[PDB]
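Inside the fold
Now for the letters of each chain:
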Amino acid sequence: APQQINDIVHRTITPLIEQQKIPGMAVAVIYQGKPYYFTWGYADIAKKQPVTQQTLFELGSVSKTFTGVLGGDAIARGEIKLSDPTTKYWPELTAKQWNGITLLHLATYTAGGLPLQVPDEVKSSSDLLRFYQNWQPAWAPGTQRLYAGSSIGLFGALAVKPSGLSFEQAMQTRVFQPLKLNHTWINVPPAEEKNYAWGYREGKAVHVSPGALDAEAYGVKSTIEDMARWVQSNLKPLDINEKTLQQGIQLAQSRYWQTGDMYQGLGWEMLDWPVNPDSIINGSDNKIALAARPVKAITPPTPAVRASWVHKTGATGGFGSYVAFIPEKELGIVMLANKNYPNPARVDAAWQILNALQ
């Protein structure tokens, strides 16, 4: 790595790992379009297996960036429109609160207070229809953003229906394969098991458990190299030959709603560059990130913006991840860890690193 990258990474990440007691960690910095990699510590503490550039991490909610891009690709294919009512794709959803709720609203957390999590007791397709039928809204559609896996999760599941493919098959064939993400999985295969890091939650090694809408909201696992490649793909979509996927990447970075200084995309979230650092750092704390806030209905949505800080935090029980990039500066970062540590610490570290490399 260029010495200016070594120096800031090392000065930033070393105290981060120490303060947060992270067992293992991988970082990629994208600098002038090329990736540079760093690893620390252990994928498997018990087996003393180090973190490598082939180690698989659970992305948690950074998976929602994949769902938003897959969704954009479906829009670009003419399969769906975000203005379509939810009921076009799920006719059984007959209860009257579903009148007015569109694919846009599911995708962008604005349906009117769908919850953060689908309950553990919802397992089957039949359970899921009951869940959404018996749900009653806190607010009217397209008025408040409440961050919610049960919202974007459903968008993902509905969005694939006109393709005639399962969510996983569509993601494989339409996003992972064309982008040459050959070590990114919704279900880790046997050839890869030995590279799947353990997550650590209060000292116990954990992997994420199956749940309803898991693939759609928090299901992806990936390596630092594939994630750097994902950031490259999202920084410079024009390099992508598949026209619908290029366009879908753009649509996911389109600004659909504004809330304070932040914009909601499809999965991705955005702020204007230059950022107010204190704002992205304190905005990432769950007190704010998980709270309901008004959306400036933006009509029509504002197109993607080169001068943007684009990012997404993610966690599972034993992992914490973060991705951010700045298309204007050809700069990016991925941070993957096998402990879930507080969002503001992630964003503070990422800001410390990327501001120094412009």
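About the thresholds
- Residues numbered from 1 in each chain as written, not as in the entry; some residues may be left out.
- Heavy atoms only, no water.
- Residues with missing side-chain atoms left out of burial classes, pairs and counts.
- Helix = DSSP H or I, 4+ residues; strand = E, 2+ residues; numbered from the N terminus.
- Rg over C-alpha atoms; globule rule 2.2 N^0.38 Å.
- Contact = heavy atoms within 4.5 Å.
- Axes fitted to C-alpha atoms, helices over the stretch in contact; angles between N-to-C directions.
- Parallel < 35°, antiparallel > 145°, perpendicular 65-115°, else oblique.
- Left-handed = near helix turned anticlockwise from the far one by under 90°.
- Salt bridge = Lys/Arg side-chain N within 4 Å of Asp/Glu carboxyl O.
- Buried < 20%, exposed > 50% of the residue type's maximum accessible area, 1.4 Å probe, protein only.
- Core = buried A, V, L, I, M, F, W, Y, C linked by side-chain atoms within 4.5 Å.
- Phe/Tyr/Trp six-rings, centres within 6.5 Å; stacked < 30°, edge-to-face > 60°.
- Pairing = 2+ DSSP bridges.

As recorded in the entry header, the structure was determined using X-ray crystallography to a resolution of 1.75 Å.

**Here's the deal with the overall build of the protein chain**
Looking only at helices and strands, one finds 12 helices and 17 strands in the protein chain. Taking 358 residues into account, the globule formula puts the C-alpha radius of gyration at 21 Å, and the protein chain, at 19 Å, falls close to it. Along the longest, intermediate and shortest principal axes, the C-alpha atoms of the protein chain span 60 × 40 × 40 Å. The long-range fraction of contacts in the protein chain, counting pairs at least 24 apart against all pairs at least 6 apart in sequence, stands at 70%.

**Structural notes on the packing of helix α2 (residues 63-76) against helix α9 (residues 243-252)**
Working note: a packed helix pair is described by the angle between its axes plus the distance between those axes. Running from amino to carboxyl end, α2 crosses α9 at an angle of 120°, the nearest separation of the two axes being 7 Å. Taken together, α2 and α9 sit at an angle that is classed as oblique. Here α2 runs over α9; the crossing is right-handed. On α9, the residues that touch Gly68, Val69, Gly72, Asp73, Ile75 and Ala76 of α2 are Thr244, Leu245, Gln247, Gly248, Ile249, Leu251 and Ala252.

**Side note on the pattern of salt bridges**
Considering all chains together, one arrives at eight salt bridges under this definition. Residue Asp73 pairs with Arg77 through a salt bridge whose shortest N-O separation is 2.7 Å. Assessed through its relative accessible area of 0%, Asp73 is described here as buried. The salt bridge involving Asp272 is made with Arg255; its shortest N-O contact spans 2.8 Å. Taken together, the positions of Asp272 in strand β12 (residues 269-272) and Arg255 in strand β10 (residues 255-259) put the pair 17 residues apart, joining distant regions of the chain.

**Re the nonpolar core**
Counting 77 residues, the largest nonpolar core has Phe66, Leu106 and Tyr132 as the members making the most contacts within it. In this structure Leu106 touches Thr86, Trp98, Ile101, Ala111, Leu114, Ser151, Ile152, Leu154, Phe155 and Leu158, once residues within four positions along its chain are discounted. Listed in part, the 36 residues of the second largest apolar core include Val29, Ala324, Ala350 and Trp351.

**Focus: unusual backbone geometry**
Backbone torsion omega between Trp273 and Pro274 reads 0°, so that peptide bond is classified as cis. Its place among the elements puts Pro274 in the loop between β12 and α10 (277-283). Of note, the amide linkage connecting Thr299 to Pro300 takes the cis form, showing an omega dihedral of -10°. In this structure, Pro300 sits in strand β14 (residues 296-302). The phi dihedral of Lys48 falls on the positive side, at around 45°, and the residue is not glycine.

**Details of the packing of aromatic side chains**
Two numbers describe a pair of aromatic rings. These are the distance of the centres and the angle of the planes. If you walk through the whole model with that rule in mind, you get 13 aromatic pairs. Arranged with centres 6.1 Å apart and planes meeting at 85°, the rings of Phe57 and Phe319 form a pair that is edge-to-face. Of this pair, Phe57 sits in strand β4 (residues 57-58) while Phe319 sits in strand β16 (residues 319-326); the two residues are 262 residues apart in sequence, bridging distant segments of the chain. Like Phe57, the residue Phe319 is buried in the burial classification. Ring plane angle 10° and centroid distance 6.4 Å describe the contact between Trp273 and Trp309, whose orientation is recorded as stacked. Note that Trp273 is positioned in the loop between β12 and α10 and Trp309 in strand β15 (residues 308-316), a separation of 36 residues in sequence. Just as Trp273 is buried, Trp309 falls in that class too. Put simply, the rings of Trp90, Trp98, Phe131, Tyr132 and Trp135 touch in pairs and so form one group of aromatic residues.

**Things to note about the pairing of strand β17 (residues 331-337)**
Most of β17 is tucked away, with seven of its seven residues classed as buried. Because side chains alternate across β17, one face comprises the buried residues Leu331, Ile333, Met335 and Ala337, and the other comprises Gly332, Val334 and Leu336, equally buried. Bridge count for strand β1 (residues 24-31) against β17 is seven bridges, and the pairing is antiparallel. Of the residues in β17, the one forming a bridge with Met25 is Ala337. As paired strands, β16 and β17 are joined by seven bridges and run antiparallel to one another.

**Observations concerning the sheet that holds β4**
Taken together, the three strands give an open sheet; going across it, the order is β4-β9-β6, and neighbouring strands pair in antiparallel fashion. If you trace the sheet from one side to the other, it starts and ends with β4 and β6 (184-185), each paired once. Two elements, β4 and strand β9 (residues 221-222), share two bridges in a ladder whose sense is antiparallel. Along β9, the bridge assignment pairs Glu58 with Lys221.

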